Protein chains: 4
Amino acid sequence: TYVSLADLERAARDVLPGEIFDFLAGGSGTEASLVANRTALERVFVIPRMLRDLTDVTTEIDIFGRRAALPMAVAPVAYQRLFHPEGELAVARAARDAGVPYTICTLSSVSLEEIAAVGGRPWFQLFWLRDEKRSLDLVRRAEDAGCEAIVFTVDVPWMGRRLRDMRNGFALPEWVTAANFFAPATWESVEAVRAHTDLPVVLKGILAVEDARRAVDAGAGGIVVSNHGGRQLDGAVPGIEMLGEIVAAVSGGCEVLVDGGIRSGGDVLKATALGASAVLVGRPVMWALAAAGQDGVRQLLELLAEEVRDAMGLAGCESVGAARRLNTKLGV
Amino acid sequence: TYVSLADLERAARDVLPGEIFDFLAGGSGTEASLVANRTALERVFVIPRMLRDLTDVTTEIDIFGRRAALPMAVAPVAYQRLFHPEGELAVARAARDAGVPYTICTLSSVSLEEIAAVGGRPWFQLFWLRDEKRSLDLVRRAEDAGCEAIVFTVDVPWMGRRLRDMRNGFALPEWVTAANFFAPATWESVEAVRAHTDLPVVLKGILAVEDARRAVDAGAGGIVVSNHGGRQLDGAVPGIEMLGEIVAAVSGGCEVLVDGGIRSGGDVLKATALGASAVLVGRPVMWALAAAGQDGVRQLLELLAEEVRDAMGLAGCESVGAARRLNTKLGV
Amino acid sequence: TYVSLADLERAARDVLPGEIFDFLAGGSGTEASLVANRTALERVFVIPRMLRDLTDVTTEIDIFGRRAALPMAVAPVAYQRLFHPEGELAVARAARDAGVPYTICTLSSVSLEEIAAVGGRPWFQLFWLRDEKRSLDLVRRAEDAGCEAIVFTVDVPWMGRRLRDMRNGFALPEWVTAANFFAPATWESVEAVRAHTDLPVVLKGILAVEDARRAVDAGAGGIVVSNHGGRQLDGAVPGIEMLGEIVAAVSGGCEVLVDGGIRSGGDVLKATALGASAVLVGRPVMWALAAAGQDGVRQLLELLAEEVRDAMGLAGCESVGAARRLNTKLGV
Amino acid sequence: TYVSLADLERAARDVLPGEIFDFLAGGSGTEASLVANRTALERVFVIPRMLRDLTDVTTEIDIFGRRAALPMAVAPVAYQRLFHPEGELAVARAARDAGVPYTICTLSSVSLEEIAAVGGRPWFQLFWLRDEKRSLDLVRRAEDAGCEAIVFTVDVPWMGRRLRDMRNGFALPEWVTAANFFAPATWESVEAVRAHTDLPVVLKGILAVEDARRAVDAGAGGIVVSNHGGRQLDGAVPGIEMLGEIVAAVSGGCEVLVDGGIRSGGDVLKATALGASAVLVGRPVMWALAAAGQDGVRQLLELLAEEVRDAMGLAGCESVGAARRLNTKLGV
Ligand SMILES: Cc1cc2c(cc1C)N(C(=O)Cc1ccccc1)c1c([nH]c(=O)[nH]c1=O)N2C[C@H](O)[C@H](O)[C@H](O)COP(=O)(O)O
Ligand SMILES: Cc1cc2c(cc1C)N(C(=O)Cc1ccccc1)c1c([nH]c(=O)[nH]c1=O)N2C[C@H](O)[C@H](O)[C@H](O)COP(=O)(O)O
Ligand SMILES: Cc1cc2c(cc1C)N(C(=O)Cc1ccccc1)c1c([nH]c(=O)[nH]c1=O)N2C[C@H](O)[C@H](O)[C@H](O)COP(=O)(O)O
Ligand SMILES: Cc1cc2c(cc1C)N(C(=O)Cc1ccccc1)c1c([nH]c(=O)[nH]c1=O)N2C[C@H](O)[C@H](O)[C@H](O)COP(=O)(O)O
Ligand SMILES: [Mg+2]
Ligand SMILES: [Mg+2]
Ligand SMILES: [Mg+2]
Ligand SMILES: [Mg+2]
């Protein structure tokens with residue numbers, strides 16, 4: 001049995017080759033932002049409410065048209081065949097069965113149409129290409145295959161400095177490819193995407209308050225407050241530390257998701273209490289995939305669902321909206 | 001000789017089976033709140049007063065009708081026969097002899113009437129039952145047996161995630177039972193209890209300021225500001241960190257107790273200086289019981305009494321009321 | 001050569017019996033205040049001034065009538081024959097030769113008249129006795145022997161809980177006695193002392209702002225902001241953390257000294273910059289005495305004098321008054 | 001390959017004699033300020049901007065008349081033949097080739113005319129001499145040799161207490177000399193220098209806001225906010241912690257540089273975001289010189305240039321001016 005997400009990290013470290021575990025675990029530079037994502041969540045304490053009706057605790061949310069079983073989606077993580085032979089199909093099947101949205105990557109190692117054919121709630125994560133037209137073509141491919149939202153990742157004009165990868169001499173195995181086959185994206189790219197599709201466009205990698213405001217003005221349906229899991233700018237603030245200010249600035253004008261460092265249902269509760277609509281979870285999903293394939297991811301999502309229900313009810317929240325109204329206190 | 005409560009922890013760790021020591025010591029989840037209870041007290045420094053009359057330093061208080069020898073009571077801890085064969089009777093006898101209130105548990109391993117027959121100042125701690133009527137029946141049983149206050153624990157709609165217990169496969173030995181034999185309690189349950197008894201109702205597990213205010217409005221005679229020793233919501237704020245704000249909000253409308261992490265008479269002084277009427281002490285009482293039964297608990301209460309007197313007088317306080325008027329400073 | 005006061009601590013630990021080193025080093029309780037005295041100084045950073053005239057840097061001050069070579073005096077430390085056979089005479093001779101005031105203890109292991117006969121600038125530290133009349137008699141004895149100030153220690157209604165001493169079973173060797181041969185002192189005792197002598201009365205152990213104000217109103221010539229080296233109330237705030245608020249409240253109405261944790265000339269500079277008139281130094285003087293007797297104390301005072309001159313000049317201060325006008329910043 | 005500046009520190013520790021590595025690495029006193037320079041940078045997080053045009057990211061700045069390839073110069077470090085036989089010539093050649101200003105030291109181990117003959121952008125760092133006239137003569141020598149700015153170091157009325165050097169018995173080898181061959185400098189010295197040369201005078205070692213303002217009033221063309229790498233006053237605030245307040249006080253009246261602890265291009269970005277015109281880098285340049293002479297310094301400057309470009313672009317900054325408008329957040 002796994003009783004925490006940390007149990008899955010230990011299992012994945014046992015099974016994966018060291019250089020693949022380091023590609024997964026590592027951040028850029030000194031890994032200051034990778035560590036700070038965890039420090040920031042550990043400093044947040046919740047002030048629970050008592051004596052409220054918990055007859056029907058529900059962890060469901062509605063987001064981008066549709067019901068999700070938890071306030072969580074699987075983050076976009078490139079090249080999932082690095083971690084298990086079934087790669088993205090194993091994760092997308094488990095996400096579908098758990099009622100959790102799965103984000104299909106531009107750099108997926110199985111084609112986006114095959115993963116979308118699994119069913120469930122697929123979103124599609126876009127990187128802008130130097131060849132523009134390939135960008136809007138991926139978007140249209142995703143929409144034609146049934147993806148529900150376009151998650152436009154905006155924090156990768158190029159890959160950050162991954163010193164573990166450099167020191168390991170890491171490269172993709174011959175058997176892992178970009179099965180769908182960086183330019184800096186700008187606000188003009190966002191408008192090109194928004195014009196090309198009626199799906200909600202979600203800008204992922206926003207940390208500045210004024211960029212969140214501009215995203216609403218630009219017609220985004222959501223943002224993901226994120227420093228890319230500490231893998232891009234080393235020293236970028238954690239998303240969790242900007243979330244409350246961004247939620248206030250947005251005034252309900254779009255959905256505000258957060259990612260980076262979510263390692264338990266209690267962390268999901270903290271993100272909700274700071275105002276997030278939902279969270280993304282990246283590395284833990286890959287730990288479960290590495291450890292035990294589709295069944296591993298299933299067990300992870302079952303464990304997270306139980307932890308979120310436990311934390312919500314112990315905090316007096318019968319719904320995710322109630323959890324958003326909880327207050328927090330920073331500790332040491 | 002034990003010269004600190006930490007000496008008793010070391011003695012109990014020697015004698016108890018590991019899985020029982022872990023049931024006692026552990027918290028929920030990552031044990032963030034278990035640790036934070038201690039961190040929070042360690043950050044509080046007292047500003048002592050000098051040159052005041054200390055001719056007659058007294059640690060006594062009046063609470064819920066009656067005199068207590070110290071501003072402290074034994075917290076409700078279920079199943080005390082886990083720790084020593086005499087269980088609750090050993091602890092209740094030592095508490096009586098020390099002039100300290102003892103809280104009889106709904107989940108006591110000796111019946112509440114037997115423990116109440118020990119004498120002293122017994123309080124009774126209630127859990128709300130799915131069978132309501134059993135709830136009001138326990139209350140009436142407690143009142144009929146001479147209990148002085150009903151401590152209604154409101155932070156357990158269900159048991160939190162005790163990972164030590166899960167990993168140890170912990171269960172009650174066959175020889176430990178609930179000798180008096182969870183539903184979520186609500187404010188309606190509180191009113192049902194308040195209507196059923198003329199004893200003071202004390203709501204235990206309050207952390208939000210508005211819940212403390214509502215408790216006064218609901219007719220509570222006291223509250224215990226508490227995160228259940230870090231055993232329920234992992235990431236719940238320590239009670240000590242909410243205490244000052246709650247004492248201000250209550251405006252003397254009820255007694256305000258605190259628990260979590262009290263490990264010395266100096267910690268009692270800090271809680272008093274932050275405004276507590278009294279503290280509860282949980283794990284250290286069980287350490288003394290495990291180490292040396294009734295005589296162990298007696299020695300613990302003698303040591304705590306000496307530490308409280310020492311700290312009060314060194315801080316210039318001839319009474320607990322004077323200690324409540326001390327100022328504090330947070331450190332690092 | 002000793003190049004820091006920490007070199008002397010290491011030397012004293014080598015030479016002294018463990019239980020005597022623990023009597024010297026230890027604090028009360030968990031030693032929270034003993035540690036916090038050091039933490040508090042380590043958090044203070046100085047903002048130095050540049051490009052000022054340093055032609056004649058002087059570390060001298062005038063205090064309680066007389067010139068001192070440094071803004072420092074030897075703290076009162078009982079029973080100095082515990083540390084070296086010459087005890088107080090060795091320390092008082094070195095202090096005299098360095099131009100530093102030496103505080104003669106009520107509990108000195110050489111009589112106050114013998115130590116005063118060494119010469120120099122002796123102050124006398126008073127404990128109030130249950131036999132009052134013995135108190136005013138010690139004061140008159142000190143004045144008759146040439147002491148310049150009465151340092152009335154007010155934070156010892158009784159000795160704090162010294163767990164090292166308890167665990168070691170520590171007691172005075174037969175060869176160490178109180179050669180001049182606790183009741184709680186009150187403000188009435190202060191007035192009795194102030195009436196009995198024309199010497200300045202300095203109240204040692206003040207931490208609350210209103211007690212500092214009351215000391216000025218009571219006719220004190222000085223106060224020592226102090227938690228008794230962390231040896232009395234465990235959890236008492238460090239004096240360094242109250243110093244700035246106290247200096248502001250006093251408005252120049254008396255001298256404001258500080259002690260606790262001074263381990264370098266840079267620490268003296270920090271205390272001055274926070275507003276202290278001078279500091280006391282306790283344990284390091286005993287380390288030097290243990291290590292090398294009178295010559296050890298001489299070397300310590302020479303090293304401290306050089307460190308204070310170095311720090312003052314590097315901070316742009318040609319006088320201690322200039323150092324008091326420096327600004328500080330708290331760090332981590 | 002070196003992939004971080006920390007790789008070069010490890011290489012230099014391998015090659016240099018321990019006492020020379022300690023002369024380079026060490027600070028004064030307890031090395032509180034040496035450590036705090038690093039702590040202060042590690043607490044700064046950047047809030048990056050997204051979706052801006054990065055077609056032409058440039059790290060160039062204009063400073064003191066001339067273009068520099070990065071917002072950085074080589075700090076003045078005395079006696080560089082301690083670290084490699086080619087000493088200052090190796091470093092100045094690599095700096096020239098990288099388009100980075102090199103600061104020639106008053107205490108250089110190769111004469112200032114020889115180093116200036118390397119070409120590039122040489123600045124000259126002045127110490128004030130007890131023989132004044134030698135001071136203005138060095139200035140005129142530097143100007144005659146083509147130096148572009150006079151960096152007047154004002155924080156060394158004498159050398160701080162270098163306990164590593166004392167404990168190692170460190171002295172200059174016979175083969176290292178002051179090839180150009182302390183008095184306290186004052187504002188009058190600054191005016192003497194400003195009158196003697198039309199080059200910009202840059203005062204290095206300013207930490208107080210009012211000294212920065214006075215520097216502008218005195219006609220300085222720049223200041224370096226600096227605690228001398230933690231080598232002078234132990235307990236002096238880090239320059240990075242004063243930088244923002246100083247930049248605000250100066251109101252664009254002079255260039256404001258900072259040094260101390262810069263160990264990556266991300267640290268350069270943080271200093272820029274706090275308002276620095278440019279940084280100086282000291283110890284890492286000497287690590288590269290020790291490790292591999294001129295080619296080592298070349299590799300260091302190439303690595304720093306790539307790290308600055310990476311950090312700027314990941315933070316959405318196409319120019320150093322844009323990076324100065326970034327906001328920051330302090331973390332833990
Ligand atoms: C752990 C991991 C995270 C990510 C990726 C891969 C790995 C192993 N991807 C890439 O390598 C993309 C790339 C970038 C540069 C060069 C080649 C490929 C990836 C990505 N985000 C995204 O939009 N698309 C991606 O394709 N990320 C961030 C992820 O979406 C979340 O932001 C964090 O994982 C939340 O933090 P976590 O829960 O603490 O892990
Ligand atoms: C250490 C311990 C504490 C408690 C318990 C047992 C143990 C070993 N109890 C239960 O397992 C109840 C239960 C819950 C879920 C499933 C079965 C039983 C218990 C309880 N509080 C309460 O109302 N009634 C209880 O019956 N608590 C908290 C206690 O009252 C104090 O809140 C903290 O002990 C102060 O923190 P401490 O001084 O640092 O320890
Ligand atoms: C380290 C030490 C300090 C002190 C003492 C002895 C020792 C070894 N004395 C006693 O045992 C008095 C006593 C108390 C209770 C029972 C018997 C004797 C002593 C004293 N202060 C004072 O008025 N008179 C004293 O007779 N102190 C505090 C001292 O004056 C300074 O407050 C701190 O030493 C600054 O902190 P430091 O620089 O970090 O050490
Ligand atoms: C690491 C080092 C730094 C410096 C020096 C030598 C060493 C090995 N110099 C001296 O020994 C001068 C001296 C002083 C007293 C007695 C004899 C000689 C030196 C200097 N600054 C300056 O104006 N001129 C100098 O001649 N410094 C500071 C340097 O300019 C930077 O302020 C810090 O190096 C940024 O911090 P860093 O990037 O973390 O290293
Ligand atoms: Mg996450
Ligand atoms: Mg407690
Ligand atoms: Mg001291
Ligand atoms: Mg630097």
Side-chain angles (χ1 to χ4, degrees), chain A residues 48-51, chain B residues 60-77 95 99-106 120-128 135 138-139 142-143 146-156 185-187 189-229 238-240 242-260 262 268 271-282 320-321 323-324:
Chain A
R49 301 299 302 257
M50 301 292 151
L51 292 162
Chain B
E60 298 187 340
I61 62 164
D62 296 301
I63 188 158
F64 309 137
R66 281 272 324 101
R67 195 66 73 98
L70 292 170
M72 139 196 317
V74 177
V77 171
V100 169
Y102 174 83
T103 310
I104 302 172
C105 288
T106 284
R121 290 196 61 177
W123 299 345
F124 179 71
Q125 174 268 320
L126 176 71
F127 282 131
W128 199 247
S135 328
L138 280 174
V139 168
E143 187 170 3
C147 294
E148 304 181 340
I150 302 294
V151 176
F152 191 173
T153 300
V154 302
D155 56 10
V156 188
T186 66
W187 291 104
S189 321
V190 172
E191 178 49 27
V193 173
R194 193 218 44 82
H196 201 55
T197 181
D198 282 337
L199 300 174
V201 178
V202 178
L203 304 185
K204 169 168 184 286
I206 299 297
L207 287 170
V209 175
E210 180 62 29
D211 286 345
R213 287 196 194 95
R214 184 150 184 194
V216 182
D217 294 332
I223 59 176
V224 188
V225 180
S226 173
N227 65 14
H228 206 111
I240 280 288
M242 303 301 304
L243 175 61
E245 202 180 346
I246 285 172
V247 168
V250 167
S251 299
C254 64
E255 303 283 0
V256 181
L257 291 84
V258 66
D259 72 14
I262 302 295
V268 177
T272 304
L274 292 167
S277 303
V279 303
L280 312 181
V281 183
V320 174
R324 288 188 69 262

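Chain naming here is simple, since letters A, B, ... match the order of the sequence lines and numbering starts at 1 in each.
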- B/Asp62 CG: over 12 foreign heavy atoms closer than 6.0 Å: yes

- B/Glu143 atom CD: more than 12 heavy-atom contacts under 6.0 Å: yes

Would you say the side-chain atoms of [X] pair up with the backbone N or O of [Y], donor to acceptor, closer than 3.5 Å?
X	Y	value
B/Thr153	B/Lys204	no
B/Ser277	B/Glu255	no
B/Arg324	B/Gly275	yes

Quick check for you: to the nearest 0.5 Å, what is the distance between [X] atom [atom1] and [Y] atom [atom2]?
X	Y	atom1	atom2	result
B/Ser189	B/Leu203	OG	CG	10.5 Å
B/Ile150	B/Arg194	CD1	CZ	13.5 Å
B/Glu210	B/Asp217	CD	CG	7.5 Å
B/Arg214	A/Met50	CZ	CE	14.0 Å
B/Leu126	B/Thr106	CG	OG1	5.0 Å

State, with a plain yes or no, whether a side-chain heavy atom of [X] is found less than 4.5 Å away from one of [Y].
X	Y	result
B/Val190	A/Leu51	yes
B/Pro101	B/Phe64	no
B/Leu280	B/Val151	no
B/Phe124	B/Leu138	yes

Can you name the nearest heavy-atom pair linking [X] to [Y], along with the distance?
X	Y	result
B/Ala271	B/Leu243	O-CD2, 3.6 Å
B/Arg66	B/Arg121	O-NH1, 2.8 Å
B/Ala212	B/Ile206	N-CG2, 3.6 Å
B/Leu199	B/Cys147	CD1-O, 3.3 Å
B/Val279	B/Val268	CG2-CG2, 4.0 Å
B/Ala215	B/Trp187	N-CH2, 3.6 Å

- Working for side-chain contact (heavy atoms from CB on, under 4.5 Å), residues B/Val247 and B/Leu274: CA-CA 8 Å; B/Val247 168; B/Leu274 292 167; over 6 Å; no

- Query: With B/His228, which of B/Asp259, B/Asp155, B/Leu207 fulfils side chain to side chain contact (heavy atoms under 4.5 Å, CB included)?
  - Reply: B/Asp155

- Message: With no hydrogens and no angle check, just 3.5 Å: does a side-chain donor-acceptor pair link B/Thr103 and B/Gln125?
- Response: no

